[PDB]
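Down below is the structure, laid out as structure tokens.
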Amino acid sequence: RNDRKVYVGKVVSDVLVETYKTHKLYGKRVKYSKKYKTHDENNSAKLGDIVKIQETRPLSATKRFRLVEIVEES
Amino acid sequence: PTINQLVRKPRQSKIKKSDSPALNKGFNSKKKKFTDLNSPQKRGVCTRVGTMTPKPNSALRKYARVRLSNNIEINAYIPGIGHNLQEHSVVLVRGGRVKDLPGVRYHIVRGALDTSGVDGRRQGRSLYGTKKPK
Amino acid sequence: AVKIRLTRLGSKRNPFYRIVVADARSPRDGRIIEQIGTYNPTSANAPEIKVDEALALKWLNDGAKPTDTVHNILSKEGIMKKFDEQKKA
Amino acid sequence: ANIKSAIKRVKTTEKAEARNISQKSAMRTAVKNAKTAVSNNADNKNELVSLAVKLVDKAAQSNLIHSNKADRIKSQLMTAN
RNA sequence: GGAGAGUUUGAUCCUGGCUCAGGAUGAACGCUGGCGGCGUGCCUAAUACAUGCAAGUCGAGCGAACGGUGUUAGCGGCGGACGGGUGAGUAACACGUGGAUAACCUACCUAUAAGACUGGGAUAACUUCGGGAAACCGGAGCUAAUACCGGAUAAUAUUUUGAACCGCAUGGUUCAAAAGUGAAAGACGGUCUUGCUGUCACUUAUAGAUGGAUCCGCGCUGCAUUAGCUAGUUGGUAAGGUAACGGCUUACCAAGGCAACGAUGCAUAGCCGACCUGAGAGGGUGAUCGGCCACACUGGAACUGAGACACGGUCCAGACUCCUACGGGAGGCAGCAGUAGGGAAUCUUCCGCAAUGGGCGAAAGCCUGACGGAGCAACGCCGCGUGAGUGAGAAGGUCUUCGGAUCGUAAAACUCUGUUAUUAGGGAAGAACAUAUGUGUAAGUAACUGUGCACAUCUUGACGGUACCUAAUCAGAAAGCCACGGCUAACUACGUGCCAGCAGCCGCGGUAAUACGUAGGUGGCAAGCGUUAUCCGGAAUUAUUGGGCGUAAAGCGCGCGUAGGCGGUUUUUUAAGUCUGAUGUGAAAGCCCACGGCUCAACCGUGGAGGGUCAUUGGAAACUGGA
Ligand SMILES: [K+]
Ligand SMILES: [K+]
Ligand SMILES: [Mg+2]
Ligand SMILES: [Mg+2]
Ligand SMILES: [Mg+2]
Ligand SMILES: [Mg+2]
Ligand SMILES: [Mg+2]
Ligand SMILES: [Mg+2]
Ligand SMILES: [Mg+2]
Ligand SMILES: [Mg+2]
Ligand SMILES: [Mg+2]
Ligand SMILES: [Mg+2]
Ligand SMILES: [Mg+2]
Ligand SMILES: [Mg+2]
Ligand SMILES: [Mg+2]
Ligand SMILES: [Mg+2]
Ligand SMILES: [Mg+2]
Ligand SMILES: [Mg+2]
Ligand SMILES: [Mg+2]
Ligand SMILES: [Mg+2]
Ligand SMILES: [Mg+2]
Ligand SMILES: [Mg+2]
Ligand SMILES: [Mg+2]
Ligand SMILES: [Mg+2]
Ligand SMILES: [Mg+2]
Ligand SMILES: [Mg+2]
Ligand SMILES: [Mg+2]
Ligand SMILES: [Mg+2]
Ligand SMILES: [Mg+2]
Ligand SMILES: [Mg+2]
Ligand SMILES: [Mg+2]
Ligand SMILES: [Mg+2]
Ligand SMILES: [Mg+2]
Ligand SMILES: [Mg+2]
């Protein structure tokens, strides 16, 4: 078929997906994070859990991801 | 500084400033606002011709007071020996400050608009707006 | 519709043509789908036709239509005969 | 306005708009009537639904509505039927 | 593939700024000006626009009228959403790059299949009676269609029953198997049998192709002397809505959402390929060509349509302009020219559809300010001229230590040439076709006509009698600009006397000025040469490459401490960084290399290379990160 983007992150409100942005001029890696509002269905996950998410069609004004699996419990 | 300091606060180069600021501005009459255009010359009208004394040097250096087409007042030097300028003359003004004359940052173009060429000039005539003799 | 047509290159009084597959609405020298050859009508001896025969039949079988001059070019290279023979067979 | 074919297009647009308005109005009336008849289980709720389905399909053929909108309207009646 | 120099001192070494030598331009200005080729030419007022042209076409869909087979207005179809312009708005999924849609739409085109049955009623035109200055509007009748509308047949489309199999959650692909429901058109030909049949056209279904839409990762300017922002806001449920998912909209429920990783606000800006500069790392720009977006006097809408919320369409509101007979009417150059205005500054109210491309048409063809050409401008680049050979120190100018020196083999004189120029003679390519006419073949036919394919004949050039070529005649028409103290190539005389003037810097001029002005000579360039403006370089002068902080500018007065940055030794493990292959993609044009055509060169063309912090995927495990 085709593959949808997958991320792993920590719940910050019941997902933060911290990544690195290498500096264009100096070459140093700098940590940056982006919050991915995701769809949890039956409110299963809680704050601090490390979760896996997958990209979906728009679900609301800002939700574009579905929580597929919980990796590390809060 | 450290690499981390440079990442937090990158280098910043000094901003260059223009030696002829009155040439790099336009004026929209309809909107009564100033533009930024970088012209090489500007038309203007002579408000007050006259002379001024230099700063070691000693002379009576001829100049004119000009209101440029962008409604800015400048002091412009009149090069060459003799000129035909007076009040209400229409002149073309170019860049180039004259040392020893404080507050005169521009030159009047000889042989353009109402300014005549220098009379009797035979060497470097194109700098003084003089046609080729004979 | 989709056309097989000539886009102009070269310089003044010295035309050179690329043979392209393009949307009819695209500007003559603008966006194309795929180039399939060249055409030089001012060459010294031969008009220097350089058609990619496998590409031309794929687009002809996909509904692309040549302009009048491109039809003559494809005919001079036998592409029109192979197109008609493959359609019946 | 200025161009001869633009002037003619004003007339043909007005003629099409008048026909389209009538057919849209009739189609919407039958859909609303069929919707009400379901919410009360009338004896002829089947005839009113069949009429509404007939007109919605004719509007889609006339490009008055998209086929996707006709399908969405058709289902809403038929599930409730 | 990387150059420095001047300037702070009596002199020095540092530090440090300043200035200069280079390249470039949509340039402008001054002086000057021969030609050819190729390109480029409103950067300012998205200011206002006189006039002409920039979108039509189809009589083989239809009736009528006027003319003698033609044509006009009208109905109808298709086009007018392309092509062309502009960069105002926009800091945003607008754009670049990489993906996703199991949340999408798609006229014309192509292929396949099944069809194309049976009825009806309008109305423009038109005739007639009016009303209005006009724009135009009313009354009465009349009439056609591939216009419009009923009915029949057609399901893969919808509902329900389920089932099998599969995916990434919603789900998706089939298998059914019942119920509703949805079409269409003829024109011109052949054969004739009024039946069959060719082409184009029509309907439905399914694919392909094309075009469009939405979403997401990363990338995107300043200002913190801008720190709080949001209340459909953030999520949920339901309904409505859309091609489609969705606060897209509404109702109710909850109080979320964003932000120091810079929210928000203000300002600025269309973005990219590219372009200029630089050794590179970088810095600067978006005119021209190409891609994407946005806009069309300002603001708000919707209609038709496959597609528009539509530059040369409609409706409404506003500013402005124009006609009026005062009731009323009309308009939108950021299309091509052109005008006025603004400005330092940017062109013809040209020719043609011959070529390429586009719309309509069966075709002939018509339309096409796209486009192809011509005109103007040294605005740029490239090429060629303005003569060549021989010619011992003539005159004239300038200087002179009045011997001479120098302009100078320069001139004249003798011969020679004709690129150019003038006159005349010839004169390409760019043209491929289409149509028509013959034959042949393929499919189909009962057969033919026709259709596809092939060969042969026919017509067609705006530029333009242009390029080019040939002959004759004549050195005759065709050189200017800046500079010469040092940087920096090239010096003397006279005039002037801190005046007049020069000047990028150092500075020059106050009576013996190589710096002012002129003259002779010389230097540098040359149809150009200088000046100004602007950008990069020199500038290691924001220093990642590549700088500093005792006294030159620079260590917070000093603790405690949050975020962040960084972090000792070893083993196992992982695979985010790192390394190494594969695949896809990074358009075309451009730059660079190679080759080909232009007499050369510019330029043009062809084939490569390059350019990602790109994605996906297979390996490695030392280092950084995770366990
Ligand atoms: K000194
Ligand atoms: K044409
Ligand atoms: Mg030929
Ligand atoms: Mg030219
Ligand atoms: Mg402009
Ligand atoms: Mg205007
Ligand atoms: Mg007609
Ligand atoms: Mg069709
Ligand atoms: Mg019809
Ligand atoms: Mg702007
Ligand atoms: Mg450098
Ligand atoms: Mg519609
Ligand atoms: Mg339009
Ligand atoms: Mg217009
Ligand atoms: Mg115009
Ligand atoms: Mg003016
Ligand atoms: Mg054509
Ligand atoms: Mg016309
Ligand atoms: Mg000039
Ligand atoms: Mg020297
Ligand atoms: Mg001088
Ligand atoms: Mg003297
Ligand atoms: Mg000097
Ligand atoms: Mg001098
Ligand atoms: Mg030259
Ligand atoms: Mg610089
Ligand atoms: Mg510099
Ligand atoms: Mg330093
Ligand atoms: Mg220190
Ligand atoms: Mg001190
Ligand atoms: Mg100090
Ligand atoms: Mg201290
Ligand atoms: Mg202190
Ligand atoms: Mg060349």
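Just so it is clear: chains get the letters A, B, ... in the order the sequence lines come, proteins before strands, and each one is counted from 1.
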Handout entry: Closest listed nucleotide, where the reference is the side chain of B:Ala112 and the choices are E:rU531, E:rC29, E:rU159
Key = E:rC29

Problem - Distance-only donor-acceptor test (3.5 Å): side chain C:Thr69, base E:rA432 - result: no

Exercise for the section: Just compare E:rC82, E:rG501, E:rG217 and give me whichever is closest to any side-chain atom of A:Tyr7. Expected result: E:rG217

Exercise for the section: Return yes if the base of E:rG343 and the side-chain atoms of B:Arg43 contain a donor-acceptor N/O pair under 3.5 Å, otherwise no. Expected result: no

Exercise for the section: Using only heavy-atom distances, decide whether a donor-acceptor pair under 3.5 angstrom links the side-chain of D:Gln61 to the base of E:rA183. Expected result: no

Exercise for the section: Would you mind classifying the nucleic acid contact of B:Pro10 as base, sugar-phosphate or nothing, using non-hydrogen atoms under 4.0 angstrom? Expected result: nothing

Completion exercise
B:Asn75 and B:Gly103 have their tightest heavy-atom pair at ND2-O, 3.0 Å

Handout entry: E:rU542 OP1/OP2 closer than 4.0 Å to side-chain N/O of B:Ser13
Key = yes

Exercise for the section: For E:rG332, take OP1 and OP2 only and decide whether either is under 4.0 Å from a side-chain N or O of D:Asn2. Expected result: yes

Problem - Candidate nucleotides E:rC43, E:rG358, E:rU356, ranked by approach to the side chain of B:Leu37 - the nearest - result: E:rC43

Exercise for the section: Between C:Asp23 and C:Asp68, name the one whose nearest nucleotide on RNA chain E is closer to the 5' end. Expected result: C:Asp23

Handout entry: Residue whose nearest RNA chain E nucleotide is more 5′ - C:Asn14 or D:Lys54
Key = D:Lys54

Practice task
Identify which nucleotide among E:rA243, E:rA45, E:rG517 has an atom closest to any side-chain atom of B:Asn28, counting heavy atoms from C-beta outward.
Solution key: E:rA45

Exercise for the section: Would you mind classifying the nucleic acid contact of D:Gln76 as base, sugar-phosphate or nothing, using non-hydrogen atoms under 4.0 angstrom? Expected result: sugar-phosphate

Exercise for the section: Check whether any side-chain nitrogen or oxygen of C:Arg5 sits under 4.0 Å from OP1 or OP2 of E:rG358, and answer yes or no. Expected result: yes

Problem - B:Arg122, nearest nucleotide to its side chain (from E:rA503, E:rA519, E:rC216) - result: E:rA519

Problem - Atom of D:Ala80, atom of D:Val38 and distance for their closest heavy-atom approach - result: O-CG1, 3.2 Å

Handout entry: Side-chain donor/acceptor of A:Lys35 to base of E:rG257, under 3.5 Å
Key = no

Practice task
Tell me what D:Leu77 touches on the nucleic acid: a base, only sugar-phosphate, or nothing, going by heavy atoms under 4.0 Å.
Solution key: nothing

Completion exercise
Here the distance between atom P of E:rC104 and atom NZ of D:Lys69, to the nearest Å, is 19 Å

Handout entry: Sugar-phosphate only, base, or nothing, as touched by B:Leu127 at under 4.0 Å among non-hydrogen atoms
Key = sugar-phosphate

Exercise for the section: Give one of base, sugar-phosphate or nothing for B:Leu23, where a contact means two heavy atoms less than 4.0 Å apart. Expected result: sugar-phosphate

Completion exercise
Once base and sugar-phosphate atoms are separated, protein heavy atoms under 4.0 Å mark nucleotides 88-103 of chain E, 5' to 3', with B, S and - as -----------SSSBB

Practice task
Please confirm whether any donor atom in the side chain of C:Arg25 sits under 3.5 Å from an acceptor in the base of E:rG307, or the reverse.
Solution key: no

Exercise for the section: Would you tell me if any nitrogen or oxygen in the side chain of C:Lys12 comes within less than 4.0 Å of OP1 or OP2 on E:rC38? Expected result: yes

Handout entry: Sugar of E:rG464, sorted north or south by the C1'-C2'-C3'-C4' dihedral sign
Key = south

Practice task
Quick one: label B:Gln123 by what it contacts on the DNA or RNA (base, sugar-phosphate, nothing), any heavy atom closer than 4.0 Å.
Solution key: base

Problem - Pseudorotation half of E:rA622 (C1'-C2'-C3'-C4': positive north, negative south) - result: north

Exercise for the section: Using Watson-Crick or G-U wobble geometry with both distances below 3.5 Å, tell me the partner of E:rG517, or none. Expected result: E:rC494

Practice task
Please work out whether E:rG476 sits syn or anti, treating a glycosidic angle within 90° of 0 as syn.
Solution key: syn

Practice task
Ignoring the backbone of B:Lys132, work out which of E:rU159, E:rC31, E:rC109 is nearest its side chain.
Solution key: E:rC31

Practice task
Under 4.0 Å between any heavy atoms, over every strand shown, what does C:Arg18 touch: base, sugar-phosphate, or nothing? Just pick one.
Solution key: sugar-phosphate

Exercise for the section: Counting heavy atoms from C-beta on, name the nucleotide in E:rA73, E:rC505, E:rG343 closest to the side chain of B:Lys99. Expected result: E:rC505

Exercise for the section: Give D:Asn68 one of three labels, base, sugar-phosphate or nothing, depending on what nucleic acid heavy atoms sit under 4.0 Å from its own. Expected result: sugar-phosphate

Problem - side-chain N/O B:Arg121 vs E:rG517 OP1/OP2, d < 4.0 Å - result: yes

Exercise for the section: Using the salt bridge (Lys or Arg N to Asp or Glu O under 4.0 Å) rule, take C:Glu34 and C:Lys58 through it: C-alpha gap first, then chi angles, then the decisive distance, then the call. Expected result: CA-CA 11 Å; C:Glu34 193 172 55; C:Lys58 165 190 81 159; 3.1 Å; yes

Handout entry: base_contact_polar (E:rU304 base, D:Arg9 side chain, donor-acceptor, <3.5 Å)
Key = no

Fill in the blank from the handout: Looking only at heavy atoms, the pair that brings B:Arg94 and B:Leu23 closest together is C-CD1, 4.1 Å

Exercise for the section: Just compare E:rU531, E:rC603, E:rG182 and give me whichever is closest to any side-chain atom of C:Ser11. Expected result: E:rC603

Practice task
Just call it for B:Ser69: base, sugar-phosphate, or nothing, with non-hydrogen atoms closer than 4.0 Å on any strand.
Solution key: sugar-phosphate

Problem - E:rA540: north vs south, judged on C1'-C2'-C3'-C4' - result: south

Practice task
Give the nucleotide from the list E:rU544, E:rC216, E:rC109 with an atom nearest to the side chain of B:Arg11.
Solution key: E:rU544

Problem - E:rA432 glycosidic torsion: syn (within 90° of 0) vs anti - result: syn

Practice task
Indicate, yes or no, whether a donor-acceptor pair under 3.5 Å links the base of E:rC261 to the side chain of A:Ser33.
Solution key: yes

Exercise for the section: Assign C:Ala24 to base, sugar-phosphate, or nothing according to its heavy-atom contacts below 4.0 angstrom with the strands shown. Expected result: sugar-phosphate

Practice task
With heavy atoms under 4.0 Å as the rule, sort C:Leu9 into base, sugar-phosphate or nothing.
Solution key: sugar-phosphate

Practice task
Give one of base, sugar-phosphate or nothing for D:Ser5, where a contact means two heavy atoms less than 4.0 Å apart.
Solution key: base

Problem - Polar pair under 3.5 Å, donor/acceptor by atom type, side chain C:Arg31, base E:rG291 - result: no

Problem - Validation row: C:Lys65, C:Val2 side chains within 4.5 angstrom (heavy atoms) - result: no

Problem - Shortest side-chain distance from C:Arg13, nucleotide among E:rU32, E:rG74, E:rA374 - result: E:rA374

Problem - Base E:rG430 to side chain C:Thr42, donor-acceptor N/O within 3.5 Å cut-off - result: no

Practice task
Assign B:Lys62 to base, sugar-phosphate, or nothing according to its heavy-atom contacts below 4.0 angstrom with the strands shown.
Solution key: sugar-phosphate

Problem - Row check, B:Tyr128 ring normal vs B:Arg121 NZ/CZ: under 6.0 Å, within 45° - result: yes

Exercise for the section: Just call it for A:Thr62: base, sugar-phosphate, or nothing, with non-hydrogen atoms closer than 4.0 Å on any strand. Expected result: sugar-phosphate

Exercise for the section: Based on the glycosidic angle (syn within 90° of 0, else anti), state the conformation of E:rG546. Expected result: anti

Exercise for the section: Begin from the C-alpha positions of B:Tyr77 and B:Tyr63 and carry the test ring-ring contact (aromatic ring centres under 6.0 Å, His included) through to its verdict. Expected result: CA-CA 4 Å; B:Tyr77 181 70; B:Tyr63 78 101; 9.0 Å; no

Problem - C:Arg8 side-chain N/O to E:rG373 phosphate OP1/OP2 under 4.0 Å - result: yes

